[PDB]
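Note that ligands are numbered from 1 as they come in the structure, with each ligand's atoms numbered from 1 the same way. We name chains A, B, ... by the order of the sequence lines, and we start the count at 1 in each one. All values below were derived from every heavy atom in this structure, side-chain atoms included, with hydrogens, water molecules and symmetry-related copies excluded.
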Number of protein chains: 2
Amino acid sequence: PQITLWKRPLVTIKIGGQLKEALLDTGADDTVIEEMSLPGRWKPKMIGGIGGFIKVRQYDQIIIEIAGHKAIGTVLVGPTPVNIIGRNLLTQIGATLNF
Amino acid sequence: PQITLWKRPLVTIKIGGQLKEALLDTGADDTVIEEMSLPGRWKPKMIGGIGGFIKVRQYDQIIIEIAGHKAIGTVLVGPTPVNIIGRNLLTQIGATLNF
Ligand SMILES: COc1ccc(S(=O)(=O)N(CC(C)C)C[C@@H](O)[C@H](Cc2ccccc2)NC(=O)O[C@@H]2C[C@@H]3[C@@H](O)CO[C@@H]3C2)cc1
Ligand SMILES: [Cl-]
Ligand SMILES: [Cl-]
C-alpha cells in the first residue's frame, strides 16, 4: 500500500499470538512493544528518545506479522507509550519513504 | 526519491540559513530541532516521547528546506537527541510510506 502521513501510520500487527496496533516509525532504529510476554531468552537494554531512556527486554528472532506481511527480528519490550515498528522490521517488509 | 531503511533516513535541512542533519520520522507528529535561535515569538508546548514529557518552544510559520524541498510550518525547539522531521512537514514535501 501507499500510506499518507496526514495521520499517524498505524497498522495492525500480530506478535506473540496477540493482535496489537503499532506505528510504522522510520525514526526508530528498533521495534519497541508495550509490556507483554514473549518466549525465549532475553537480555536487558537501555534505549533513549525524547524524555530520556527506558529499560527494555531484548528478545531476538521474534516473528511479527505487520499489516499482513511476515518479518523476523529483534523486538524490545518495555514501558513505551506507543507500540513502534522500527527500521529493523520495516526493511523486511520492503517499506520505503517516497517523495 | 525512494529511501530505503537499512540506514537512518538522514537528510540535510536548511533553517535560518544554516545546514543541519535531520531524521525523516514518520513516528513523530511534529518536527523537533535542537536548541537554536529562531525569529519571532514562541508558545509553550509539552511533547511526550519514549522517555517521558519535555518542554519545547513552539515557533510557527518557519521557513525550512528539507532534502531540497521547501516547507513553511511549525518547528519545536528543545532538548531532542536528534533533529527530527515529523509528519507536519513530511506532508508538506509529499512524503508517503510504501510497501
Ligand atoms: C533504539 O530503538 C529506538 C526506537 C525508538 C526510539 S524513540 O521512540 O525514542 N524515537 C526516536 C527518535 C526520537 C529519534 C522514535 C520516534 O518516532 C518517537 C516515537 C514515539 C511516539 C510517541 C510516543 C513515544 C515515542 N516519536 C517522537 O518522539 O515524537 C515526538 C514525541 C511526540 C509524540 O506525541 C509523537 O510526536 C511528538 C514528537 C528510540 C530508540
Ligand atoms: Cl533485527
Ligand atoms: Cl531493499
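Between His69(A) and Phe99(B), the ring-plane angle classifies as perpendicular under the 30° and 60° cut-offs.
For the residue pair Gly78(B) and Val56(B), the shortest heavy atom distance occurs at CA-CG1, 4.2 Å. In terms of heavy-atom proximity, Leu23(A) sits nearest to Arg8(A) at CD1-CB, 3.8 Å.
Side-chain contact annotation: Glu21(A) with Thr12(A), donor-acceptor N/O pair under 3.5 Å present.
Per-residue contacts place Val32(A) under 4.0 angstrom from the following atoms of ligand 1 (heavy atoms of the residue considered): 4 (C). Taking every non-hydrogen atom of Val82(A) and a distance limit under 4.0 Å, the qualifying atoms of ligand 1 come out as 22 (C), 23 (C). Under a 4.0 Å criterion applied to the non-hydrogen atoms of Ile84(A), ligand 1 contributes the atoms 8 (O), 19 (C). Listed by number with element, the atoms of ligand 1 under 4.0 Å from a non-hydrogen atom of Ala28(A) are 4 (C), 5 (C). Applying the 4.0 Å criterion to heavy atoms of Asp29(B) picks out, from ligand 1, the atoms 34 (O), 35 (C), 36 (O), 37 (C). In the vicinity of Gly49(A), heavy-atom distances shorter than 4.0 Å reach the ligand 1 atoms 9 (O).
Neither the backbone nor the side chain of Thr80(B) comes within 4.0 Å of ligand 1, counting heavy atoms alone. Residue-level proximity to ligand 1 for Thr26(B) is absent, since no heavy atom of it falls below 4.0 angstrom.
Residues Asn98(A) and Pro1(B) form no side-chain contact, since every pair of their non-hydrogen atoms from C-beta on lies 4.5 Å or further apart. The side-chain heavy atoms of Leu38(A) and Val77(A), taken from C-beta on, include a pair separated by under 4.5 Å.
Heavy-atom distances between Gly48(A) and ligand 1 reach below 4.0 Å in at least one pair. Put simply, no part of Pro81(B) is less than 4.0 Å from ligand 1, judged by heavy atoms.
Ligand 1 has no nitrogen or oxygen under 3.5 angstrom from a nitrogen or oxygen of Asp30(B). Residue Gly27(B) has at least one N or O atom closer than 3.5 Å to an N or O atom of ligand 1.
Taking a cutoff of 4.0 Å between a charged side-chain nitrogen and a carboxylate oxygen, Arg57(B) and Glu35(B) qualify as a salt bridge.
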>> Run the side chain to side chain donor-acceptor pair (under 3.5 Å) test on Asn88(B) and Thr31(B) for me, step by step, so that the C-alpha distance in whole Å, both residues' side-chain angles and the decisive distance to 0.1 Å come before the verdict.
In response: CA-CA 7 Å; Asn88(B) 71 307; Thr31(B) 293; 2.8 Å; yes
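Both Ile84(B) and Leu76(B) are members of a single hydrophobic cluster when ILVMFWY side chains are connected at heavy-atom separations under 4.5 Å.
Nearest protein heavy-atom contact of atom 18 (C) of ligand 1 is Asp25(A) OD2, 3.8 Å. Looking at atom 30 (C) of ligand 1, its nearest protein heavy atom turns out to be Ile50(A) CD1, 4.1 Å.
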